>>> print(open('upload_18.txt').read())   # compact mmCIF, C-alpha atoms and all ligand atoms
# COMPACT_ATOMS: atom_id res chain seq x y z
CA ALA A 1 0.00 0.00 0.00
CA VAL A 2 1.88 3.04 1.30
CA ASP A 3 5.61 2.83 0.55
CA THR A 4 8.05 5.63 1.36
CA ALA A 5 11.70 5.92 0.33
CA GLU A 6 13.93 4.43 3.04
CA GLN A 7 16.98 6.12 4.57
CA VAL A 8 19.75 3.82 5.81
CA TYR A 9 21.67 4.95 8.88
CA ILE A 10 24.95 3.03 9.02
CA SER A 11 27.21 3.02 12.07
CA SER A 12 30.97 3.48 11.71
CA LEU A 13 31.26 0.11 13.48
CA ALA A 14 29.01 -1.52 10.87
CA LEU A 15 31.12 -0.02 8.07
CA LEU A 16 34.14 -1.94 9.37
CA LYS A 17 33.05 -5.54 8.73
CA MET A 18 31.61 -4.55 5.33
CA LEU A 19 35.01 -3.83 3.78
CA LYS A 20 37.06 -5.91 6.25
CA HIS A 21 35.17 -9.20 5.89
CA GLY A 22 34.94 -8.40 2.19
CA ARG A 23 38.71 -8.00 2.04
CA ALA A 24 39.16 -11.46 3.58
CA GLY A 25 37.18 -13.05 0.75
CA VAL A 26 39.10 -11.22 -2.00
CA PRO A 27 39.07 -12.12 -4.84
CA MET A 28 36.08 -14.42 -4.31
CA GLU A 29 32.62 -13.21 -3.32
CA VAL A 30 31.41 -13.55 0.28
CA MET A 31 27.97 -13.69 1.93
CA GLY A 32 27.26 -11.64 5.05
CA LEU A 33 24.30 -10.55 7.16
CA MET A 34 23.21 -7.04 8.13
CA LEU A 35 22.31 -6.28 11.76
CA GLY A 36 20.23 -3.31 12.86
CA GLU A 37 16.84 -1.99 13.91
CA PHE A 38 13.73 -1.02 11.93
CA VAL A 39 12.55 2.37 13.18
CA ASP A 40 9.81 3.07 10.60
CA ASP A 41 8.97 2.77 6.90
CA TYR A 42 10.92 5.77 5.59
CA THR A 43 14.10 5.29 7.67
CA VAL A 44 16.19 2.29 8.70
CA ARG A 45 19.40 1.82 10.68
CA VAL A 46 22.11 -0.84 10.60
CA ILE A 47 23.85 -0.70 13.97
CA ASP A 48 26.18 -3.69 13.56
CA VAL A 49 27.80 -5.89 10.90
CA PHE A 50 29.43 -9.27 11.55
CA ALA A 51 31.40 -11.71 9.43
CA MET A 52 29.95 -14.91 7.97
CA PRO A 53 31.89 -17.90 6.59
CA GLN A 54 33.05 -17.35 3.02
CA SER A 55 32.04 -19.92 0.40
CA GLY A 56 34.88 -21.31 -1.71
CA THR A 57 32.41 -23.30 -3.82
CA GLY A 58 30.32 -20.20 -4.58
CA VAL A 59 27.66 -18.26 -2.71
CA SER A 60 24.40 -20.06 -1.88
CA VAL A 61 21.39 -19.44 0.34
CA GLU A 62 22.48 -22.37 2.53
CA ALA A 63 25.87 -20.73 3.18
CA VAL A 64 24.29 -19.00 6.18
CA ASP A 65 24.22 -21.43 9.10
CA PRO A 66 21.10 -20.96 11.28
CA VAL A 67 22.89 -22.31 14.37
CA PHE A 68 25.66 -19.79 13.66
CA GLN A 69 23.17 -16.95 14.21
CA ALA A 70 21.42 -18.68 17.12
CA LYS A 71 24.77 -18.99 18.90
CA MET A 72 25.63 -15.43 17.85
CA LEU A 73 22.43 -13.81 19.15
CA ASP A 74 22.98 -15.53 22.50
CA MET A 75 26.49 -14.08 22.58
CA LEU A 76 24.96 -10.70 21.71
CA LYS A 77 22.77 -10.88 24.83
CA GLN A 78 25.79 -11.01 27.15
CA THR A 79 27.23 -8.36 24.82
CA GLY A 80 26.05 -4.80 25.42
CA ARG A 81 23.34 -4.63 22.76
CA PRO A 82 21.18 -7.76 21.67
CA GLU A 83 19.47 -6.25 18.61
CA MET A 84 17.32 -8.25 16.21
CA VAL A 85 18.56 -9.16 12.73
CA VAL A 86 17.40 -7.16 9.70
CA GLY A 87 19.00 -8.11 6.39
CA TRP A 88 21.91 -9.53 4.39
CA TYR A 89 24.94 -8.34 2.43
CA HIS A 90 27.50 -9.85 0.07
CA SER A 91 30.81 -8.74 -1.43
CA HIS A 92 31.50 -8.85 -5.18
CA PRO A 93 35.19 -7.98 -5.65
CA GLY A 94 35.60 -9.55 -9.10
CA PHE A 95 33.31 -7.09 -10.90
CA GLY A 96 31.20 -3.95 -10.50
CA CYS A 97 29.27 -5.43 -7.55
CA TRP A 98 25.84 -6.14 -9.01
CA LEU A 99 23.23 -8.61 -7.81
CA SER A 100 23.96 -12.02 -9.30
CA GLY A 101 21.69 -14.96 -10.07
CA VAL A 102 22.12 -16.36 -6.56
CA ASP A 103 21.40 -12.97 -4.97
CA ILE A 104 17.86 -12.92 -6.40
CA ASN A 105 17.18 -16.50 -5.25
CA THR A 106 18.18 -15.56 -1.70
CA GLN A 107 15.97 -12.45 -1.88
CA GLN A 108 12.50 -14.01 -1.71
CA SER A 109 13.85 -16.28 1.04
CA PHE A 110 15.24 -13.45 3.17
CA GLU A 111 12.35 -11.07 2.45
CA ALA A 112 10.05 -13.79 3.76
CA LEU A 113 12.09 -14.03 6.98
CA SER A 114 12.37 -10.28 7.56
CA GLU A 115 10.17 -7.55 6.05
CA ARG A 116 12.72 -5.47 4.12
CA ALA A 117 15.92 -7.55 3.85
CA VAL A 118 17.93 -4.89 2.06
CA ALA A 119 20.36 -6.28 -0.50
CA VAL A 120 23.81 -4.73 0.05
CA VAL A 121 26.85 -5.22 -2.19
CA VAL A 122 30.41 -3.94 -1.79
CA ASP A 123 33.55 -3.89 -3.93
CA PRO A 124 37.17 -3.10 -3.00
CA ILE A 125 38.40 -2.33 -6.50
CA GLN A 126 36.53 0.80 -7.66
CA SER A 127 38.65 3.08 -5.45
CA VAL A 128 40.82 3.13 -2.32
CA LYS A 129 40.24 6.20 -0.12
CA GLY A 130 37.84 8.92 -1.25
CA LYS A 131 34.82 7.07 -2.64
CA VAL A 132 31.90 5.41 -0.88
CA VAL A 133 31.79 2.63 -3.51
CA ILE A 134 29.90 -0.26 -1.83
CA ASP A 135 26.29 -0.72 -3.11
CA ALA A 136 22.74 -1.30 -1.91
CA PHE A 137 19.42 -2.45 -3.35
CA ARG A 138 15.90 -3.45 -2.34
CA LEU A 139 13.62 -5.81 -4.24
CA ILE A 140 10.47 -4.23 -5.66
CA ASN A 141 7.90 -6.98 -6.07
CA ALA A 142 7.39 -8.27 -9.62
CA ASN A 143 3.81 -9.17 -8.65
CA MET A 144 3.22 -5.41 -8.40
CA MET A 145 3.48 -5.05 -12.20
CA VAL A 146 -0.33 -5.08 -12.12
CA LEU A 147 -0.22 -2.09 -9.76
CA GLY A 148 1.80 1.12 -9.95
CA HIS A 149 5.41 0.18 -10.70
CA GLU A 150 7.08 3.52 -9.88
CA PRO A 151 7.89 3.94 -6.19
CA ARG A 152 9.02 5.84 -4.24
CA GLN A 153 7.55 9.10 -2.99
CA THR A 154 10.18 11.64 -1.93
CA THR A 155 11.92 10.88 -5.20
CA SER A 156 15.39 12.34 -5.74
CA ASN A 157 17.00 10.52 -2.83
CA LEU A 158 16.51 7.72 -5.35
CA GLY A 159 16.76 10.01 -8.39
CA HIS A 160 20.08 11.44 -7.23
CA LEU A 161 21.22 7.93 -6.30
CA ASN A 162 20.03 7.07 -9.82
CA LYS A 163 23.02 9.22 -10.83
CA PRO A 164 25.52 8.33 -12.36
CA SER A 165 23.23 5.37 -13.28
CA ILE A 166 26.48 3.37 -13.27
CA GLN A 167 26.67 2.01 -16.84
CA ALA A 168 24.07 -0.51 -18.06
CA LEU A 169 24.04 -3.97 -16.50
CA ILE A 170 23.93 -2.42 -13.01
CA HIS A 171 20.87 -0.30 -13.78
CA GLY A 172 19.76 -3.19 -15.97
CA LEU A 173 18.93 -4.75 -12.61
CA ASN A 174 16.68 -1.76 -11.84
CA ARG A 175 14.04 -4.09 -13.25
CA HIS A 176 12.60 -5.88 -10.17
CA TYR A 177 14.96 -3.89 -7.88
CA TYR A 178 15.39 -0.37 -6.56
CA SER A 179 18.44 0.90 -4.70
CA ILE A 180 18.36 2.56 -1.28
CA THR A 181 19.93 5.71 0.18
CA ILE A 182 22.99 5.39 2.43
CA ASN A 183 23.77 8.26 4.78
CA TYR A 184 25.96 8.32 7.88
CA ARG A 185 24.38 9.03 11.25
CA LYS A 186 27.06 10.98 13.08
CA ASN A 187 29.68 8.87 14.86
CA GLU A 188 31.90 11.97 14.86
CA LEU A 189 33.16 11.20 18.37
CA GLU A 190 34.79 8.11 16.86
CA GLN A 191 35.17 9.94 13.53
CA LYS A 192 37.16 12.74 15.17
CA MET A 193 39.66 10.24 16.59
CA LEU A 194 39.58 8.42 13.24
CA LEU A 195 41.21 11.53 11.77
CA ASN A 196 43.48 12.05 14.78
CA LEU A 197 44.69 8.44 14.89
CA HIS A 198 45.32 8.48 11.14
CA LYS A 199 47.16 11.80 10.75
CA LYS A 200 49.20 11.65 13.97
CA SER A 201 50.50 8.20 13.01
CA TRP A 202 51.29 9.75 9.62
CA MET A 203 52.98 12.85 11.07
CA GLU A 204 56.62 11.77 11.56
CA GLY A 205 55.45 9.32 14.26
CA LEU A 206 56.41 11.78 16.99
CA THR A 207 56.22 14.75 14.58
CA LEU A 208 59.93 14.73 15.56
CA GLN A 209 61.40 11.65 13.91
CA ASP A 210 62.15 12.87 10.38
CA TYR A 211 63.24 16.32 11.60
CA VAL A 212 72.95 13.70 -1.18
CA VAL A 213 73.34 17.21 0.23
CA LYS A 214 75.28 19.01 -2.47
CA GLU A 215 75.18 15.80 -4.52
CA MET A 216 71.39 15.67 -4.31
CA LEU A 217 71.60 19.25 -5.60
CA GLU A 218 74.14 18.03 -8.17
CA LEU A 219 71.49 15.50 -9.18
CA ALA A 220 68.89 18.27 -8.88
CA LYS A 221 70.97 20.67 -10.96
CA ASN A 222 70.73 18.15 -13.79
CA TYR A 223 66.99 18.62 -13.36
CA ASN A 224 67.58 22.33 -12.68
CA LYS A 225 69.93 22.87 -15.66
CA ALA A 226 70.08 19.97 -18.13
CA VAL A 227 66.28 20.02 -18.12
CA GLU A 228 66.31 23.78 -18.76
CA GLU A 229 67.71 23.56 -22.29
CA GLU A 230 65.12 20.99 -23.35
CA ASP A 231 62.56 23.29 -21.72
CA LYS A 232 64.03 26.53 -23.15
CA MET A 233 64.34 25.17 -26.69
CA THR A 234 60.52 25.24 -26.86
CA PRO A 235 60.34 29.08 -26.85
CA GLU A 236 62.84 28.95 -29.71
CA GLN A 237 60.48 26.34 -31.13
CA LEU A 238 57.67 28.83 -30.54
CA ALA A 239 59.71 31.05 -32.85
CA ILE A 240 58.82 29.50 -36.17
CA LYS A 241 59.74 31.90 -37.82
CA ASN A 242 57.14 33.08 -38.77
CA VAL A 243 54.69 31.39 -38.84
CA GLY A 244 54.33 27.98 -40.48
CA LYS A 245 53.93 25.80 -37.39
CA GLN A 246 50.62 25.01 -35.69
CA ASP A 247 50.04 27.18 -32.60
CA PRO A 248 49.37 27.69 -29.67
CA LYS A 249 51.42 25.26 -27.59
CA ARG A 250 52.26 25.89 -23.93
CA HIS A 251 55.45 24.24 -22.64
CA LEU A 252 55.67 26.42 -19.51
CA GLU A 253 54.51 23.60 -17.24
CA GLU A 254 55.14 21.45 -15.35
CA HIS A 255 58.90 21.71 -14.86
CA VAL A 256 58.82 25.39 -13.85
CA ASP A 257 56.49 24.86 -10.89
CA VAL A 258 58.26 21.60 -9.99
CA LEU A 259 61.63 23.34 -9.68
CA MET A 260 59.85 26.01 -7.63
CA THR A 261 58.61 23.45 -5.11
CA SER A 262 61.97 21.68 -5.46
CA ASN A 263 63.56 24.73 -3.85
CA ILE A 264 60.70 24.88 -1.33
CA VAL A 265 61.71 21.37 -0.27
CA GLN A 266 65.40 22.25 -0.11
CA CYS A 267 65.05 25.66 1.55
CA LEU A 268 62.88 24.66 4.50
CA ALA A 269 64.84 21.43 4.95
CA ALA A 270 68.00 23.55 5.12
CA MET A 271 66.19 25.75 7.64
CA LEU A 272 66.37 22.73 9.96
CA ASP A 273 69.85 24.02 10.73
CA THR A 274 68.37 27.31 11.97
CA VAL A 275 65.13 25.78 13.28
CA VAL A 276 66.15 22.63 15.18
CA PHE A 277 69.46 24.11 16.35
CA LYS A 278 68.55 27.29 18.26
CA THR B 1 13.69 24.03 -2.28
CA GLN B 2 14.05 20.33 -1.56
CA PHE B 3 10.75 18.46 -1.58
CA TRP B 4 12.59 15.24 -2.44
CA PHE B 5 13.06 14.49 1.25
CA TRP B 6 9.31 14.61 1.92
CA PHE B 7 6.62 15.04 -0.73
CA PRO B 8 4.34 17.21 1.49
CA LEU B 9 7.17 19.75 1.22
CA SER B 10 6.12 20.01 -2.43
CA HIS B 11 2.53 20.45 -1.26
CA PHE B 12 3.85 22.92 1.33
CA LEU B 13 4.64 25.17 -1.65
CA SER B 14 1.00 26.16 -1.07
CA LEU B 15 2.44 28.86 1.21
CA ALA B 16 3.85 30.76 -1.79
CA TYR B 17 0.30 31.54 -2.96
CA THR B 18 -0.75 35.00 -1.80
CA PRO B 19 -3.29 37.51 -3.18
CA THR B 20 -2.22 41.00 -4.29
CA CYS B 21 -3.98 43.73 -6.27
CA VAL B 22 -4.80 47.45 -6.42
CA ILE B 23 -8.14 49.04 -5.48
CA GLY B 24 -9.84 52.26 -6.52
CA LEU B 25 -12.54 52.15 -3.84
CA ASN B 26 -13.50 55.60 -2.56
CA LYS B 27 -14.60 54.73 1.00
CA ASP B 28 -16.91 52.48 3.06
CA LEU B 29 -19.33 50.18 1.22
CA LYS B 30 -20.27 52.55 -1.62
CA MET B 31 -18.82 51.51 -4.98
CA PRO B 32 -17.92 54.45 -7.26
CA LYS B 33 -17.96 54.39 -11.06
CA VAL B 34 -14.62 55.72 -12.36
CA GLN B 35 -12.82 55.08 -15.65
CA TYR B 36 -9.38 56.50 -16.39
CA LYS B 37 -6.97 56.20 -19.29
CA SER B 38 -3.89 53.99 -19.56
CA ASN B 39 -1.10 54.23 -22.13
CA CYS B 40 -0.33 50.48 -22.25
CA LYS B 41 -1.74 48.10 -24.87
CA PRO B 42 -3.96 45.08 -24.13
CA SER B 43 -0.97 42.88 -25.07
CA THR B 44 0.04 43.22 -21.41
CA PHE B 45 -3.56 42.45 -20.41
CA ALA B 46 -3.72 39.24 -22.45
CA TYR B 47 -3.36 36.15 -20.23
CA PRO B 48 -2.78 32.99 -22.33
CA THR B 49 -3.18 52.62 -27.15
CA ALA B 50 -5.25 55.83 -27.06
CA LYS B 51 -6.97 55.20 -23.71
CA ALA B 52 -7.90 52.17 -21.62
CA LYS B 53 -10.76 51.51 -19.18
CA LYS B 54 -10.09 50.55 -15.56
CA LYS B 55 -12.57 49.97 -12.74
CA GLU B 56 -14.73 51.58 -11.14
CA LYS B 57 -14.80 49.46 -7.98
CA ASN B 58 -14.37 44.80 -8.45
CA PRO B 59 -11.17 46.67 -9.35
CA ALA B 60 -9.02 46.44 -12.49
CA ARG B 61 -5.54 45.05 -13.06
CA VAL B 62 -2.36 47.10 -13.43
CA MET B 63 1.29 46.23 -13.94
CA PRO B 64 3.85 47.83 -11.57
CA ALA B 65 5.27 49.45 -14.72
CA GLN B 66 1.81 50.70 -15.75
CA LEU B 67 1.25 52.63 -12.51
CA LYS B 68 3.29 55.62 -13.70
CA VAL B 69 1.61 55.96 -17.11
CA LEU B 70 -1.95 56.16 -15.76
CA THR B 71 -3.49 59.53 -14.87
CA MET B 72 -6.45 60.25 -12.61
CA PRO B 73 -9.54 61.28 -14.60
CA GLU B 74 -10.14 65.03 -14.77
CA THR B 75 -13.71 64.70 -16.10
CA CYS B 76 -15.00 62.32 -13.41
CA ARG B 77 -17.21 63.41 -10.53
CA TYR B 78 -15.05 61.23 -8.25
CA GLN B 79 -11.43 62.39 -8.22
CA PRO B 80 -8.68 61.24 -5.84
CA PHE B 81 -7.47 63.75 -3.28
CA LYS B 82 -4.11 61.90 -2.86
CA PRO B 83 -1.62 61.84 -5.76
CA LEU B 84 -1.81 58.47 -7.50
CA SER B 85 1.66 57.01 -8.15
CA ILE B 86 2.01 53.37 -7.02
CA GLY B 87 -0.74 50.78 -6.51
CA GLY B 88 -2.72 49.75 -3.47
CA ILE B 89 -6.09 50.98 -2.23
CA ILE B 90 -6.24 54.79 -2.22
CA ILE B 91 -8.91 57.30 -1.27
CA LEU B 92 -11.24 58.81 -3.87
CA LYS B 93 -12.98 62.13 -3.21
CA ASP B 94 -16.38 63.02 -4.66
CA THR B 95 -16.72 66.47 -6.22
ZN ZN C 301 26.49 -13.69 -5.05
>>> encode(input="upload_18.txt", output="structure tokens", more="lines below")
Ligand SMILES: [Zn+2]
Amino acid sequence: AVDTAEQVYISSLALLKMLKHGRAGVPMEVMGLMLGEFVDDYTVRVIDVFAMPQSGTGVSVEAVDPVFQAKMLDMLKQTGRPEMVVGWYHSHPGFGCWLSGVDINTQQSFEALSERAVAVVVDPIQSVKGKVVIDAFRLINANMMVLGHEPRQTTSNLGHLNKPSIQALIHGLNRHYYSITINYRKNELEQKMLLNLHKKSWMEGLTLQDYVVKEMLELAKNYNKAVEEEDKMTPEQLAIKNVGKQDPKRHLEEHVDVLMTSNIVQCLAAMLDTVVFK
Amino acid sequence: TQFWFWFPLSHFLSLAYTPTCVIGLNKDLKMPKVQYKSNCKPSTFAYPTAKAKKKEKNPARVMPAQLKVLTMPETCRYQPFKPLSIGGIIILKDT
């Protein structure tokens, strides 16, 4: 009846086992399970993610052991929070992380167990640092083809997620499926130390530790002189003369600005004499 | 701005709908009959010259640019005591 676009709140702790357990299955595809709480129709949260045994014979719906979860939920009771299960996830490192033929067969089984059972995919390969990558989807019922086939209200959270549209075969699965919005509920307490732990460990280890003399400048002078004539022949090549040769051509970069910063490296590193000492 | 978070926010655009007009009513409940000239063509009045005819309070439309070109009627029994420059309801004195 009434269906509203869902918003997925992921915890920074749940983001860990998505890429981490997925990295352990690389190259092969894994099968996980999502753990969280259903607040309402238009929003959903995943508060935890745990690792499930990887299948070396290929992913199947029987790869999830029911006594593995029954022993896990009991261990979650003695753990701080015993929250009910919600849905499943699987890695797909070998390709662009789209729902395979097994993923649709385990859909109607998991959506019978739990109401939503959001399908979540993840890939390591698409980037390293500055991209969300991952993936998510939710099955829209094929029996609804008799009814209105274009959910959801509050559109562009889908529509904008429908950008880039990610080639063809991916959105070729937009038949019988619709993706879901992933935003981050603020962990910033942990996220503030995530930046502090990362940059401090990357700043000279104490900031002190790190803080071929003339010879490095004799090797640099070959880049600061012998590179000049191959750079300064181009203005004489800009002289035609004049003018039979196709123009414009700009040879100014990148050596000029590199030798600039090359002195910026050597000047402030030589200031270590004046800085460290006295 | 963003109704894509919640669709009622698109139906909350209903707040942008507000009435505005100008009125030539003289005073109280009595409705005077006054017609004065306007130098703008009906092309502005079309909703897909020598002189125009404006109410005579129901009032008649005017564009903010047409307020300067209109002149109070000198032959009418009802003439405004206040100089007519911009729109809005203004007083109209009976001679
Ligand atoms: Zn699979």
>>> atom_distance(input="upload_18.txt", atom1="CA of residue 5 in chain A", atom2="CA of residue 21 in chain A")
28.5 Å
>>> residues_around(input="upload_18.txt", residues="residue 107 in chain A", least_positions_apart="4", cutoff="10 Å", atoms="all atoms listed in the file", output="list in words")
residues 61, 87, 88, 102, 103, 111, 112, 113, 116, 117, 118, 119, 138 and 139 of chain A
>>> atom_distance(input="upload_18.txt", atom1="CA of residue 2 in chain A", atom2="CA of residue 136 in chain A")
21.5 Å
>>> residues_near_ligand(input="upload_18.txt", ligand="ligand ZN 301 (chain C)", cutoff="7 Å", atoms="only C-alpha atoms and all ligand atoms", output="PDB file with C-alpha atoms, in the frame of the given file")
ATOM      1  CA  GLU A  29      32.620 -13.210  -3.320  1.00  0.00           C
ATOM      2  CA  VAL A  59      27.660 -18.260  -2.710  1.00  0.00           C
ATOM      3  CA  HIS A  90      27.500  -9.850   0.070  1.00  0.00           C
ATOM      4  CA  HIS A  92      31.500  -8.850  -5.180  1.00  0.00           C
ATOM      5  CA  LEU A  99      23.230  -8.610  -7.810  1.00  0.00           C
ATOM      6  CA  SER A 100      23.960 -12.020  -9.300  1.00  0.00           C
ATOM      7  CA  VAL A 102      22.120 -16.360  -6.560  1.00  0.00           C
ATOM      8  CA  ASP A 103      21.400 -12.970  -4.970  1.00  0.00           C
TER       9      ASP A 103
END
>>> closest_atom_pairs(input="upload_18.txt", of="chain B", to="chain A", cutoff="8 Å", atoms="only C-alpha atoms", output="Markdown table")
| residue | atom | partner | partner_atom | distance |
| --- | --- | --- | --- | --- |
| B:3 | CA | A:154 | CA | 6.9 |
| B:4 | CA | A:154 | CA | 4.4 |
| B:5 | CA | A:154 | CA | 5.2 |
| B:6 | CA | A:154 | CA | 4.9 |
| B:7 | CA | A:154 | CA | 5.1 |
>>> closest_residue(input="upload_18.txt", among="A:40, A:150, A:132, A:26", to="residue 94 in chain A", atoms="only C-alpha atoms")
A:26
>>> closest_residue(input="upload_18.txt", among="B:67, B:13, B:21, B:62", to="residue 83 in chain B", atoms="only C-alpha atoms")
B:67
>>> atom_distance(input="upload_18.txt", atom1="CA of residue 101 in chain A", atom2="CA of residue 60 in chain A")
10.0 Å
>>> residues_around(input="upload_18.txt", residues="range 49-60 of chain B", least_positions_apart="5", cutoff="6 Å", atoms="all atoms listed in the file", output="PyMOL selection string")
chain B and resi 23-25+31-39+41
>>> residues_near_point(input="upload_18.txt", point="(-5.9, 55.0, -4.6)", cutoff="8 Å", atoms="all atoms listed in the file", output="ChimeraX atom specification")
/B:22-26,80,82,84,87-92
>>> residues_around(input="upload_18.txt", residues="residue 224 in chain A", least_positions_apart="2", cutoff="12 Å", atoms="only C-alpha atoms", output="list in words")
residues 216, 217, 218, 219, 220, 221, 222, 226, 227, 228, 229, 230, 231, 232, 255, 256, 257, 258, 259, 260, 261, 262 and 263 of chain A
>>> residues_around(input="upload_18.txt", residues="residue 23 in chain A", least_positions_apart="5", cutoff="12 Å", atoms="all atoms listed in the file", output="ChimeraX atom specification")
/A:16-18,28-30,51,54,90-94,122-125
>>> write_last_selection(input="upload_18.txt", atoms="C-alpha atoms", output="PDB file, in the frame of the given file")
ATOM      1  CA  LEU A  16      34.140  -1.940   9.370  1.00  0.00           C
ATOM      2  CA  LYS A  17      33.050  -5.540   8.730  1.00  0.00           C
ATOM      3  CA  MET A  18      31.610  -4.550   5.330  1.00  0.00           C
ATOM      4  CA  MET A  28      36.080 -14.420  -4.310  1.00  0.00           C
ATOM      5  CA  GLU A  29      32.620 -13.210  -3.320  1.00  0.00           C
ATOM      6  CA  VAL A  30      31.410 -13.550   0.280  1.00  0.00           C
ATOM      7  CA  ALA A  51      31.400 -11.710   9.430  1.00  0.00           C
ATOM      8  CA  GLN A  54      33.050 -17.350   3.020  1.00  0.00           C
ATOM      9  CA  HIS A  90      27.500  -9.850   0.070  1.00  0.00           C
ATOM     10  CA  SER A  91      30.810  -8.740  -1.430  1.00  0.00           C
ATOM     11  CA  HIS A  92      31.500  -8.850  -5.180  1.00  0.00           C
ATOM     12  CA  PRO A  93      35.190  -7.980  -5.650  1.00  0.00           C
ATOM     13  CA  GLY A  94      35.600  -9.550  -9.100  1.00  0.00           C
ATOM     14  CA  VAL A 122      30.410  -3.940  -1.790  1.00  0.00           C
ATOM     15  CA  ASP A 123      33.550  -3.890  -3.930  1.00  0.00           C
ATOM     16  CA  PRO A 124      37.170  -3.100  -3.000  1.00  0.00           C
ATOM     17  CA  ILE A 125      38.400  -2.330  -6.500  1.00  0.00           C
TER      18      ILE A 125
END
